[PDB]
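Presented below, as structure tokens, is a lone chain in the form deposited in one PDB entry.
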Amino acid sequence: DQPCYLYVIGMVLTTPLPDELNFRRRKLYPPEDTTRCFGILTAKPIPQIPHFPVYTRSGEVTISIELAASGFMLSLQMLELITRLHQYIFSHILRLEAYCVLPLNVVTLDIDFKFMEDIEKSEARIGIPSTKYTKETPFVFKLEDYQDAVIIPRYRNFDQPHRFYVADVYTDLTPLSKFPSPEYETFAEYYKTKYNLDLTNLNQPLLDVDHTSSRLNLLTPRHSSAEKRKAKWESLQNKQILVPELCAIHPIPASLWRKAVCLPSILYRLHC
């Protein structure tokens, strides 16, 4: 075995998105507000690189890379776990083509092994889980399960499922609230008429959503017939209101998912 190096990818929102730049009128999500973050596990030390900005949805995030631990060993089983999770991040979360990126969390900041094992256990790790509700086993809504979630529609896009940040819980709406489109009276009807979906819960609030994808390179700030059609499609996509009962919750929390989309930027800076 060889001794290990563990680095924290420390993230702080040093300049939040000004009102004039917040075109999609989002909430701002400072990375520092949640303890669980990312890190890098290497065989050899990383040369001390200065702080650098990535430009995210919430504004300007300062990226630092501090040493957490060195000189320690890890078992074969632990590295195999860390590695598989490394590959999951880039292939399933970020959907793409330094030795190991891995999740850290406090108990002080350390390798979050239990988090990784939970992800392996989960059934919404790759696609859409089979969940069966009836009148006697109806869907139950827990507000806190949607406080920091990434949800995926169970009822479409099976080939490659869409993942959305939960952007708002509308506690004033229910599957019986009026439907935005006129061809349907309610949400319940829409999903029944169009998708043949029955709901066991009719008290559940509905979900406002935001798409999870973004450009690879975030090192610079954001500031035509097919490009136009996409702008409208992406706008309709973001104004979608979802029924919780119809969505699986992804095992990767939303606050971590936000940080994961910064990774290719950071890895690229560290190499070139």
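Numbers follow the displayed sequence, beginning with 1. If you superpose the two forms and keep the largest set of C-alpha atoms that fall within 1.5 Å, you have the rigid core.
One more form of this protein exists, namely the form deposited in another entry; it is left out here, but the text below deals with it.
K.L.:
Choose, among 114, 162, 84, 125, the residue with a C-alpha displacement of 2 Å or more between this form and the one not shown when the rigid core is used for superposition.
P.N.:
Result of the superposition: 125 is the only one at 2 Å or more.
K.L.:
Assuming the CA distance changes by 3 angstroms or more, are residue 127 and residue 265 closer together or farther apart in that other deposited form compared with the shown structure?
P.N.:
Farther apart, by at least 3 Å.
K.L.:
Closer or farther: how do the Cα atoms of residue 79 and residue 123 compare in that other deposited form versus the shown form, where the change is at least 3 Å?
P.N.:
Result: closer.
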